[PDB]
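We begin with a single chain expressed as structure tokens, specifically the form deposited in one PDB entry.
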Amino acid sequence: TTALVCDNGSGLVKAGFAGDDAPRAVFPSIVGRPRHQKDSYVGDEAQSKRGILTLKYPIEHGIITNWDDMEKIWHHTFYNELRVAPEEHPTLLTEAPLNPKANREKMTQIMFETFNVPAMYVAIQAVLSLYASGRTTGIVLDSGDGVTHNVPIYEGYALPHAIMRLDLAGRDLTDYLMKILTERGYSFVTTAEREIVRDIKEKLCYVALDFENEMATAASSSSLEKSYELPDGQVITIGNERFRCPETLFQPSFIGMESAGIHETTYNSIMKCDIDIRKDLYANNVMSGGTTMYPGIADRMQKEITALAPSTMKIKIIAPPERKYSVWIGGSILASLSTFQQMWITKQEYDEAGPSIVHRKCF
């Protein structure tokens, strides 16, 4: 019996089989319907037909907000991508911490009542990433398309009072890039154009080590500019947008949020932990998720945490090269262990206890 591991990101589904070193199916967590108002398309194929569809994400900031479309995503994952019968596979799902409890209750209900899985578990994403890095103690910064979260973990146990969450992540950065590109006279507005700008962001953006210095460099000459060919063949140029876009992670006021930036959420999380473990957290800051892939982000985090921390504190940022998939990989490892599977909810347990059982089994 092979378990399935499905990391349902706000932006991307990562799905596959426990024991594999990578997800075999990675595709956009989108449902598309005709822009002019069968009847819908899912995932890669919706992306392929983007020219005629309006695209919608069923997960916003880590929370499922369109359950009918989420069911379409899960159905597509099992039957069209992985081509498995879900009733034959114990299934590991994932979630951001600090989600409302009803989200995993309904996940559990649909997995058992609609998909008839034999067993399932919902794991916290940051814990999977820490194990994927070979650690039991550290502080994870996970940033995807919907959520940025910090989870300090000591001896294998997440410290709930110190968990931090910011509902600011890759989708907000894409939207901000769309906005600032209007300053050059470009107009990216539609759901299809959002996906184009997402690609520009992924290919060309970076985190400046010193933002104000970089702004001056960009005005002094064209040395930082890059060009990009749109699907219609138009070639555009971008300059300081390359680094102003992810600067938002450090300065959330760029999009009108009063929140602390990611360097400050990380520091604040460490400071909520018992004094004697803080050195181990500072030395084990593990980054995971696609929004941690900007060139320069680890060096900027190192610099900013150094400025906040005690002057003698040893600080290390760990940035695994495959960190777009670290959550999934940690799930593949844990779901390969019989003792971890012993904790999973079985179909019989669900039949007898209902959705509330998820809170008593999944930690």
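In this text, rigid core is short for the largest set of C-alphas that superpose within 1.5 Å between two forms. All residue numbers refer to positions in the sequence shown, first residue = 1.
Here the subject shifts to the form deposited in another entry, a form of this protein not shown in this document.
Asks: Which of these moves by 2 angstroms or more at the C-alpha between the shown form and the other one, core superposed: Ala216, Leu209, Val189, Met257?
Replies: That would be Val189.
Asks: Does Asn99 count as moved between the shown form and the other one, where moved means a C-alpha shift of 2 angstroms or more after fitting the rigid core?
Replies: It does shift by 2 Å or more.
Asks: When the rigid core is used for the superposition, does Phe112 move between the shown form and the other one (threshold: C-alpha shift of 2 Å or more)?
Replies: After core superposition, the displacement of the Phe112 C-alpha between the shown form and the other one reaches the 2 Å mark, so yes.
Asks: With a threshold of 2 Å on the C-alpha, tell me if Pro58 counts as moved between the shown form and the other one once the core is superposed.
Replies: The answer is yes, as the C-alpha of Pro58 shifts between the shown form and the other one by 2 Å or more after core alignment.
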